[PDB]
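> Starting off with a structure, shown below.
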Amino acid sequence: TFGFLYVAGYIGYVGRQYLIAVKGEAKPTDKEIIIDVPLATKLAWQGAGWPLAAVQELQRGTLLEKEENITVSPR
Amino acid sequence: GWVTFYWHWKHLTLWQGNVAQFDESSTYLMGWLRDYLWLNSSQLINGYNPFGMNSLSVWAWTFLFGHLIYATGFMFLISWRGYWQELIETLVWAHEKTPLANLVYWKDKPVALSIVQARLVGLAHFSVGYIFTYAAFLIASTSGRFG
Amino acid sequence: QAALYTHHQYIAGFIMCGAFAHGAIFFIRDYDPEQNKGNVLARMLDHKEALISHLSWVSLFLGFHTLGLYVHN
Amino acid sequence: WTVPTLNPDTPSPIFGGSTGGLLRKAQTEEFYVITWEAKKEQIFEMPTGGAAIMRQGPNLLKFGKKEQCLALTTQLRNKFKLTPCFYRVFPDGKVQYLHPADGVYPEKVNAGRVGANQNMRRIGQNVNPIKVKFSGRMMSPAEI
Amino acid sequence: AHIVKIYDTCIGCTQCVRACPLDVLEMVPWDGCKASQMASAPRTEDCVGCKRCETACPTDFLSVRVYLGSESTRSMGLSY
Amino acid sequence: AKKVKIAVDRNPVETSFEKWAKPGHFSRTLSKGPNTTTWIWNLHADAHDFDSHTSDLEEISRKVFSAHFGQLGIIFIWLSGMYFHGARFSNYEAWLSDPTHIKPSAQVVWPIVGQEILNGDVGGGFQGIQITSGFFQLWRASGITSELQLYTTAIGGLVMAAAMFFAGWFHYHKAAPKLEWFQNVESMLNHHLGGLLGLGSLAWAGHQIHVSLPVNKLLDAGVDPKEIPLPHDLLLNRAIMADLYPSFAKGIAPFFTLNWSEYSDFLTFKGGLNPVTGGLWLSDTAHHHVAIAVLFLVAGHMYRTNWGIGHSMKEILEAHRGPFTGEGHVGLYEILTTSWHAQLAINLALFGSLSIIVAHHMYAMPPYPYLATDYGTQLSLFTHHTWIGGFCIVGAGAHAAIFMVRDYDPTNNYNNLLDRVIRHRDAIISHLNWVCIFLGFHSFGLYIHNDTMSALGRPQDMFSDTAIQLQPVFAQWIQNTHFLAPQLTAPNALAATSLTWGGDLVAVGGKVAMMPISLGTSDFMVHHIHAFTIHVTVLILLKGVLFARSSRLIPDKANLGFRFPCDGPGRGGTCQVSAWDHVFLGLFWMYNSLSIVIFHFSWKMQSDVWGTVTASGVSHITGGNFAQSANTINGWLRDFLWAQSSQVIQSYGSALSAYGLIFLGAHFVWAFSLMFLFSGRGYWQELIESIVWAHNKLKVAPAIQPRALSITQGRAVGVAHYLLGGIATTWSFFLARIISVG
Amino acid sequence: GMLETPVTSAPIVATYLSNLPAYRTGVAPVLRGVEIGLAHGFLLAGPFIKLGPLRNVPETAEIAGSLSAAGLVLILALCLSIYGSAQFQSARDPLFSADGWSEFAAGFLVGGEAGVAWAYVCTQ
Ligand code: CLA
Ligand code: CLA
Ligand code: CLA
Ligand code: CLA
Ligand code: CLA
Ligand code: CLA
Ligand code: CLA
Ligand SMILES: CC1=C(C/C=C(\C)CCC[C@H](C)CCC[C@H](C)CCCC(C)C)C(=O)c2ccccc2C1=O
Ligand SMILES: CC1=C(C/C=C(\C)CCC[C@H](C)CCC[C@H](C)CCCC(C)C)C(=O)c2ccccc2C1=O
């Protein structure tokens, strides 16, 4: 069980870091169909410590976005 | 369907005194296909055949009746209105141009079923065929075994 | 025994679909947001995305792994 | 500008006919007539299928529904730079001029037109369906 | 007949009128938008409900809305 | 008169990887990059739609021409692989010695995660997957005897593959033909008839006379494959050939002196089958290919190119006009020299029809040695080539419709055949509609009648051979005529073309190769099911073509294009009015029709043809139960599906277990497709909104906005998975059944 | 406008149709139904006699086949009756009227049943 959750979170955490990193570029969508391999490779190696990094974001209040910035439909 | 398949097969093997067949075949899906459906259809599909018929012929007939209604429903679910409305227009043209038949005429202009109506009718055929097919299989496979 | 269990479970299945159907009809025809301001019913609409997305996660997990285990066997 | 009067004597484009034309509805309910002036003989596509040749000068065709007349109007206007008009003709002989309604095509704003079916609010400002319940029939909150 | 309504978010771009295959809509003078024109729906007895007008509308949310109603020979698009 | 000549442009397109790194470059809409996931799907759907990227006909033609070299390159790689796997991963050499008792095999799986069970004991001291493509029987017919010969062909295939890919690059980037080059239809037909087909047949006849016949003559005499002279020894030593065929002692003089009767020893008209191998006499095929070569070389001199003589195809068409059809064939030459879609519509229709003919003619007149008694190969080849034909025919409907929307022009088609067909399309479709209803009632209704009478215990009231009879007397009469042809109407033929007409069976290795096929009531009923299903498929496809541009429902459908989802919920609802949607519905009906065709073939051959031959007689695989059972739906469900699925559902733990897995996998893919066919994107887009909210909440929302599939893609996905699952199900069912009892 | 063909517009075809009782105006609607009834009643007995459930019985076949055909004539007459009730509620040819169609339907029943009876007499 814990073997899977470590690898699964590794994949998820690395992908999330890449997504956030490229959203500061001039054309974010171009970095999603043409992968920035040098950037992707660096993030892959640093994902071995995701359980520590994820907790710090959770404790720092930066893991989640605020409700005022999330679009929703009328209710 | 999953719930009742489960209930039925577990009781068929209990009623036959061999729970091991369920315990060993239910862990993979070929087991359900081979040992539940295929194996227990034998008496049902022989209700009538070239050599005669027996009291399971009604269930054999209903079994195929269920498959037919089920499949007819696929027509309404897959093909949608615009195709049929165009088709009916050629039939409207043909009727008015046919001698001895254009003397008769409709009071309601024929049209294809509506978009919503097709979904309901198609679901109705799907559902009725679903129910009848299983009912025939359930009764025939149980009573034939224990009747 | 087989006919009775199958008969009532299918009827239960249809009845449950109707219950949710008329729950959806209620929200359109009868629900009044002003007269339910801030109560539990109006708050269900406030986190409908959370409810739907978690139902989606549960269904995905069960589907992937139940089908996966059957196929593995 | 004044409403034109239909001239039934107008010649029609050269066309051998088809099975896609008028039906019993024209005899009993209504049909449509489109007319236009052609600068030269030219081949155009019939909305009911096939090719026809428009005669130089006045032309006249008859169609079974309004959309067919306007479909040919769009073709003539955009591909040949013509100015057609069409009518609704009832079995008892009455003629109702239809298009362009006031002599100016609708896409061009014209003076003297009175707005219809205009709500002075956004879509998001419609009331809930519960407020129009039991109004005598089925009606949307957009109908108030 | 179907019900067609124009809302005050219209920018008077005329695209709904150009897209209507039945000539249901037209442009009338207005003062609420920069173009000084608003879409109008004078002839809704001919609307077939295709919603090409809604497809053409650029505003968000729509400024022209079709609500499908009772069916007649015209609204059904029958030629028979 | 324009001279037929070579004309190209030098260096039209620079060879560079710049555009490889710019996805969507070919289209003005997509070249700006994605904003939503729909862009990704659109990139692939439009990639080969060349005419939607430009209006220049020359630019389109050049892309077509080089795309074709690409296709040929891929086919050569595929062929090279088959020959290579025959050279390195097969039991072909062992099979050549004992063809009846060894199963062909040319695929070997690695031992990993227990999958090596799939390497079955196929004989010849070899383990592997049993192939049903028939390559072993093809290779023996051509005279191949060693793995070295197979290996050399594989190398040559790669050299050809490289040459094809070079030609594609060369003729697009370096020397691209001009539009006038492509429009030399007279010259193209002369070369493709006289050159491609005529010389190709002559050359192959040359191989048969000098290699296939001598080698197969010695193989059928019991000579060991390694003691047979190598093919070049036969070529260089006339004495060796003269021993096998004495006429070779006279050289080529009899051919030049018109003493052609001298070659009767290797150019024959035997007919029937070789009793040793169960296939056609190779001396008959060699004479066939010689005669074909002459016919096509004559045909290749019909059209005028540069020397006055020959026919103008335009002049032929314009001359054939009659009282009933207006201007007739005027304008067709212009259409067929300016529209690729028009050309593709005709070529796909006949190429697909040709494929179905190949399926029938190869089962009835098996052209390869030891093909007839390899029941697994016979069933596979017939099924395979039937499906290709069906798919190709549907593509003909699709591209006829595309021509109708994009390339058709009224100014060039006034009162000609094309114009006049459009002007009575309601008459055409209305009558075809009636025929389908008549055929549906009086063909499928007969089965329903039979099922009901049988269930009610009134077998005497059924349509059957022992009851009310429906004899296909016309088909029975034709069979008798063909069986008696050698006596009167084909005096120089020793035997009839096929044993299916009548006569005596041919047994090879204790099994029936071919034998007469009797046609009773069950055969009458199933043939009118075939007539019904074909007519409906035509109805759907023809309607889509004739109403592609307009209808009484949508007067301006042409402006909406070939492929669009609908024109809105108005007019009562107009879902699936477009021509593309008719191809979509036509695919289902094509699948329904050809499923019954192959079920007809499978059950009839097992019941009445295939079987073992012993002293007591012929015992068929299913014991001749087709005649009395195939006249009820319950008969097909019980005696065919339920009974013959025993092999596939019992294959777990054996070398055939892979077919058991695919059998279930294909059922899954089929059912998975119903999710796309029954639902609509509006539901899925709203579902994706909630899932996007969760990704937004965690700052993991993608920059390319997720979108549900377009309406049209939802249909394309649905039918693609429906067909793949349905066909792959029957594929597993057939192979597991026939490889086990065959 | 419309597509004219030899089938649609021919002299031999047009003359034949005008001779049929359906298109023969100036004849009482009741007489029209009788002539149409007789023609259809006579042919209807055929398939029932030769292909019914009692076809193989020596003498019962003729009675059962014709008796079943008579039942189908009654059903057809009822269909004509209700059609007139629906179609004509609110002109040149009296047949296309509420009173005319009712008379026409009545004639079809009498003619149809007589035609079935006459067919039975021919068999035996
Ligand atoms: C106490 C039970 C109950 C009651 C009082 C109602 C009442 C109502 N429902 Mg609800 N509903 C129920 C249960 C109930 N429902 C259940 C169990 C379900 C789930 C199946 C639903 C699902 C549902 C939906 C989805 C909708 C309603 C709607 C309605 C309204 C209109 C019904 C109508 O006109 O039907 C007319 C009924 C018919 C024309 C007949 C339908 C026949 C079906 C398809 C089965 C046919 C079987 C076939 C003939 C079998 C042949 C067998 C063969 C061998 C011969 C009404 C207020 C509708 C509405 O607008 O509500 C506001 C609506 O859209 N209901
Ligand atoms: C057997 C048929 C079938 C299958 C397998 C599914 C599967 C699914 N449906 Mg669907 N559905 C079906 C029929 C089916 N449906 C039908 C007939 C209808 C009626 C129209 C619907 C209507 C419907 C609705 C309305 C909804 C679903 C939903 C779902 C999801 C449920 C959760 C789940 O299982 O997640 C796990 C996923 C799966 C089991 C899907 C299969 C995954 C495979 C095994 C992956 C294999 C990958 C592998 C590498 C091979 C790739 C090869 C390829 C690259 C060539 C899932 C994607 C719900 C959903 O989206 O929930 C989130 C949902 O809202 N379905
Ligand atoms: C190395 C040589 C080379 C280079 C650098 C180029 C470069 C170019 N070519 Mg040229 N071309 C070449 C070789 C080359 N070509 C060859 C060998 C052929 C013959 C087939 C052609 C035929 C050709 C045509 C007809 C066209 C071009 C075009 C182009 C341009 C866009 C290419 C593009 O987007 O490719 C990216 C595309 C791909 C990577 C797809 C590759 C497809 C090939 C056939 C392999 C597919 C095999 C695969 C296994 C299929 C099954 C998949 C399945 C297993 C999943 C660009 C200037 C296009 C253009 O716009 O020119 C102005 C154009 O229309 N080329
Ligand atoms: C006798 C001459 C000849 C021959 C043999 C061919 C053969 C072929 N042509 Mg045709 N063609 C010819 C003359 C010829 N053509 C002329 C004169 C014109 C101009 C009017 C055309 C214009 C033309 C077009 C526009 C197209 C073809 C295509 C084809 C291919 C169709 C697919 C097929 O059957 O593959 C069977 C395959 C084989 C038998 C393999 C044969 C390979 C060798 C190298 C011979 C190829 C023929 C070539 C002319 C040889 C010299 C080339 C060069 C070095 C001088 C086929 C290879 C289609 C194609 O796929 O093109 C790529 C295609 O699109 N041809
Ligand atoms: C395309 C098909 C084809 C081909 C290639 C051949 C080829 C051959 N046949 Mg066959 N044959 C065929 C069809 C074919 N046949 C058909 C259809 C029939 C039935 C009518 C026959 C019936 C038949 C018979 C009955 C016989 C042959 C024979 C032969 C061989 C000798 C022919 C001969 O005398 O040529 C005469 C001369 C030429 C063909 C001209 C050769 C020109 C050379 C290549 C020119 C090279 C010039 C160049 C500059 C050199 C450069 C050198 C370099 C090192 C610098 C030869 C291998 C004979 C044989 O011995 O078979 C074993 C024989 O007896 N054939
Ligand atoms: C000689 C054959 C031939 C040729 C050259 C073409 C060429 C063309 N066709 Mg046509 N077509 C053909 C046969 C052919 N067609 C047949 C047989 C059919 C019937 C099925 C059709 C039906 C058809 C339609 C309905 C349409 C076309 C269209 C097109 C155009 C665009 C194609 C494209 O971009 O594909 C891009 C390719 C893909 C997106 C890949 C598709 C892969 C399929 C869906 C699944 C393959 C599964 C695989 C075989 C097995 C499973 C693998 C998996 C497990 C990994 C192009 C002009 C389109 C158009 O608009 O033309 C103007 C169009 O809409 N064709
Ligand atoms: C088993 C399923 C099924 C059935 C029965 C049908 C039936 C039909 N389809 Mg459909 N279709 C289906 C599935 C089915 N389809 C699916 C899945 C799709 C989606 C791909 C389509 C898509 C489709 C298209 C696109 C078209 C058809 C067409 C047709 C018609 C063909 C003409 C015909 O044979 O009429 C006769 C009817 C039958 C043979 C059905 C059985 C008739 C029974 C045996 C008669 C019983 C009589 C008895 C007195 C009943 C009394 C009952 C009670 C009142 C007492 C017919 C109505 C074509 C059409 O309309 O052609 C004109 C057509 O264009 N279908
Ligand atoms: C087949 C089909 C048609 C054509 C079908 C039509 C026009 C219906 C024809 C029905 C005839 C009259 C037979 C009716 C038989 C029923 C058993 C009658 C039941 C009546 C109840 C009152 C009991 C559509 O109009 C359609 C529309 C939208 C999506 C899909 C489809 C669709 O699939
Ligand atoms: C299920 C379904 C969907 C939902 C299906 C969708 C959105 C397609 C999903 C495709 C893939 C799985 C998503 C994208 C995958 C990416 C390429 C990333 C892959 C990552 C791996 C390589 C790890 C529709 O959008 C739809 C639309 C119209 C009619 C019916 C339906 C329908 O039935």
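Since every read-out is calculated from the coordinates, none of them should be taken as a lab result. Heads up, the Cβs are rebuilt from the backbone with ideal geometry, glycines too, and the neighbour counts pull from every protein chain shown.
> Which residue, chosen from G:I12, B:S114, F:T497, occupies the Cα position most advanced towards the positive end of the dipole of the protein assembly as shown, where the dipole is computed from +1 (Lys, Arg) and -1 (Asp, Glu) charges on Cβ about the Cα centre?
About the Cα centre, the residue reaching furthest to the positive side is B:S114.
> What's the exposure ranking of D:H99, F:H399, going from fewest to most Cβ atoms within 10 Å?
Lowest to highest Cβ neighbour count: D:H99, F:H399.
> Report, as a whole number in µm² per second, the diffusion coefficient that Stokes-Einstein gives for the stretch F:317-395 at 25 °C and 0.890 mPa s using the Kirkwood radius over alpha carbon pairs.
Value of D from the Cα-based Kirkwood radius: 161 µm²/s.
> Something else: Can you classify the stretch F:202-247 as rounded, prolate or oblate using the Cα gyration tensor, where a ≥ b ≥ c are the square roots of its eigenvalues, rounded means a/c under 1.5, and otherwise it's prolate if a/b beats b/c and oblate if not? Please report the intermediate quantities before stating the final value.
Numbers: a/c = 1.59, a/b = 1.32, b/c = 1.20.
Here the stretch F:202-247 falls in the prolate category.
> Ranking F:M365, D:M139 by Cβ neighbours within 10 Å, fewest first, what do you get? Don't jump to the answer; show the numbers that get you there.
Numbers: F:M365 20, D:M139 15.
The most exposed by this proxy come first: D:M139, F:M365.
> Then there is this: Counting pairs of alpha carbon atoms under 8 Å apart in space and at least six apart in sequence, what relative contact order in percent does the stretch D:1-143 give?
Values: 194 pairs, mean separation 32.2, N = 143.
RCO, the stretch D:1-143: 23 percent.
> In this model, which of D:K81/F:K63; F:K2/F:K314; F:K103/F:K217; E:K51/F:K699; A:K27/E:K34; F:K250/F:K270 are farther than 25 Å apart at the alpha-carbon? Could the numbers behind the result be given before it?
Details: D:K81/F:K63 36 Å; F:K2/F:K314 14 Å; F:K103/F:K217 23 Å; E:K51/F:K699 37 Å; A:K27/E:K34 33 Å; F:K250/F:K270 23 Å.
In this structure, D:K81/F:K63; E:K51/F:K699; A:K27/E:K34 exceed 25 Å between Cα atoms.
> Does the stretch F:440-550 come out rounded, prolate or oblate by the C-alpha gyration tensor, with a ≥ b ≥ c the root eigenvalues, rounded set by a/c under 1.5 and, if not, prolate when a/b is larger than b/c and oblate if not? Present the calculation step by step, with values, prior to reporting the outcome.
Values: a/c = 2.51, a/b = 1.32, b/c = 1.90.
It comes out oblate by the Cα gyration axes.
> Considering every residue in B:3-10, what mean count of other chain Cβ atoms within 10 Å of its Cβ is obtained? Mind dumping the intermediate values first?
On the way: counts 6, 7, 1, 0, 5, 4, 0, 0.
The mean count of partner-chain Cβ atoms within 10 Å per residue comes to 3.
> Now for a separate question. With charges set only on the Cβ (+1 for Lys and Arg, -1 for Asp and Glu), what does the dipole of the stretch D:8-71 come to about its Cα centre, in debye to the nearest 20? If you can, show how the numbers build up before the last one.
Working: 8 positive and 7 negative charges, 11 e Å.
It works out to roughly 60 debye.
> Among F:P275, F:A427, F:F640, whose Cα projects farthest towards the positive end of the dipole of chain F, with charges put on the beta-carbon of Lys, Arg (+1) and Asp, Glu (-1)?
In chain F, that residue is F:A427.
> Show me F:655-667, F:217-229 ranked by packing, highest mean number of other Cβ atoms within 10 Å first.
Numbers: F:655-667: 19.4, F:217-229: 13.8.
So the peptides F:655-667, F:217-229, ranked by packing, come out F:655-667, F:217-229.
> For all pairs of alpha-carbon atoms in the stretch G:41-103, what percent lies in each bin of width 5 Å, listed from the first bin to the last filled one?
4, 18, 19, 13, 11, 10, 10, 8, 5, 2, 0
> What is the projected area of the convex hull of the Cα atoms of chain A, averaged over all directions, in nm²?
Average projection, Cα convex hull of chain A: 7.5 nm².
> Return the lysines within reach of D:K79: Cα separation strictly under 18 angstrom, same-chain partners fewer than 8 residues apart disregarded; answer none if there are no such residues.
D:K39, D:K40, F:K557
> A follow-up question, please. What is the Cα radius of gyration of the stretch F:356-484 over 2.2 N^0.38 Å, N being its residue count? Let's see the in-between values first.
Numbers: Rg = 22.5 Å, N = 129, 2.2 N^0.38 = 13.9 Å.
Normalised Rg, Cα atoms only: 1.61.
> Write down Rg/Rh for the protein assembly as shown, rounded to two decimals, with Rg from the C-alpha atoms and Rh from the Kirkwood relation over Cα pairs.
In the protein assembly as shown, Rg relative to Rh is 0.97.
> Among F:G665, F:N696, F:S710, flag the residue with its Cα farthest along the positive direction of the charge dipole of the protein assembly as shown, charges on Cβ as +1 for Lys/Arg and -1 for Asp/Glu.
Result: F:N696.
> Here's another thing I want to ask about it. How large is the charge dipole for chain F, taken about the Cα centre, if only the Cβ atoms of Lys, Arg (+1) and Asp, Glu (-1) carry charge, to the nearest 20 debye?
Dipole size: approximately 1600 debye.
> Could you give P(r) for the stretch D:1-143, binned at 10 Å from zero, as whole percent values over all Cα-Cα pairs?
10, 32, 25, 17, 12, 4, 0
> Continuing with this model, one more query. Which percent of Cα pairs goes in each bin when the distances of chain C are cut into 5 angstrom slices starting at zero?
Pair shares across the bins are 3, 12, 11, 13, 16, 16, 13, 8, 5, 3, 1, 0.
> Please list, in chain and number order, the residues 5+ apart from F:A507 or on another chain whose amide H is under 5 Å from its amide H, with Hs placed from the backbone.
Counting only residues 5 or more places away or on other chains, the set is F:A513.
> Taking amide H positions as placed in the peptide plane 1.01 Å from N, state which residues far from F:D9 in sequence (5 or more) or on other chains have amide H under 5 Å from it.
HN-HN under 5 Å from F:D9: F:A176, F:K178.
> I've got another one for you. Could you give the size of the charge dipole of the protein assembly as shown about its Cα centre, using +1 on the Cβ of each K and R and -1 on the Cβ of each D and E, expressed in debye and rounded to the nearest 20?
Numbers: 96 positive and 93 negative charges, 582 e Å.
Dipole about the Cα centre, nearest 20: 2800 debye.
> Residue by residue, what Karplus-based ³J(HN,Hα) values in Hz, rounded to whole numbers, does the stretch G:21-36 have, using 6.51, -1.76 and 1.60 with θ = phi - 60° and x for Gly and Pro?
Once θ is set to phi - 60°, the couplings for the stretch G:21-36 become x, 4, 9, 8, 6, x, 10, 4, x, 4, 5, 4, x, 4, 5, 5 Hz.
> Would you please give the FRET efficiency between D:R121 and F:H25, computed as 1/(1 + (r/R0)^6) with r the Cβ-Cβ distance and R0 = 56 Å, to the nearest 0.05? Mind dumping the intermediate values first?
Working: r = 46 Å, r/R0 = 0.83.
So, using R0 = 56 Å, E works out to roughly 0.75.
> Please state the shape class of chain B: rounded when a/c is under 1.5, otherwise prolate if a/b exceeds b/c and oblate if not, all from the C-alpha gyration tensor.
Values: a/c = 4.10, a/b = 2.33, b/c = 1.76.
Note, shape of chain B comes out prolate.
> Using helices alone, I'd like the mean residue ellipticity at 222 nm for chain G: each DSSP H run of four-plus residues gives -39500 (n - 2.57), total over residue count, nearest 500. Before the final figure, lay out the partial values.
Numbers: 4 runs with 86 residues, N = 124.
Calculated at 222 nm, the ellipticity per residue is -24000 deg cm²/dmol.
> Name the residues of the stretch F:522-540 whose amide N is less than 19 Å from a point 7 angstrom out from the Cα of F:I437 along the C-beta direction?
Within reach of a label on F:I437: F:532-540.
> Rounded to a whole number, what is D in µm²/s for chain G from Stokes-Einstein with the Kirkwood radius over alpha-carbon pairs (20 °C, 1.002 mPa s)?
On the way: Rh = 16.1 Å.
For the chosen part, D equals 133 µm²/s.
> With θ set to phi - 60°, apply the Karplus curve 6.51 cos²θ - 1.76 cosθ + 1.60 along the stretch F:694-710 and write out the HN-Hα couplings as whole Hz, x wherever there is a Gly or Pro.
Computed from phi, the couplings for the stretch F:694-710 are 5, 5, 4, 4, 9, 6, 10, 7, x, 6, 7, 5, x, 9, 5, 4, 5 Hz.
> Could you list C:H47, B:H125 so that the one with the fewest beta carbons within 10 Å of its beta carbon is first and the one with the most is last?
Numbers: C:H47 15, B:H125 20.
Fewest to most other Cβ atoms nearby, the residues stand as C:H47, B:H125.
> Given 4 °C and 1.567 mPa s, compute D for chain E with the Stokes-Einstein relation, Rh being the Kirkwood radius over Cα pairs; round to the nearest whole µm²/s.
The diffusion coefficient I find is 102 µm²/s.
> From the gyration tensor of the Cα coordinates in chain F, what semi-axes in whole Å does the equivalent ellipsoid have, largest first, with each one equal to sqrt(5λ)?
Values for chain F, descending: 44, 37, 31 Å.
> Ok, one more. Which one of B:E86, B:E96, B:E24 has the biggest mean-square fluctuation once chain B is modelled by GNM with Cα springs under 10 Å?
Between B:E86, B:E96, B:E24, it is B:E96 that shows the largest mean-square fluctuation.
> Can I ask one more? Would you kindly derive the ³J(HN,Hα) couplings of the stretch G:6-14 from the backbone phi angles with the Karplus curve 6.51 cos²θ - 1.76 cosθ + 1.60 (θ = phi - 60°), listing them in order in whole Hz, with x for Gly and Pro?
Here the 3J(HN,Hα) series is x, 5, 6, 10, 9, x, 5, 5, 5 Hz.
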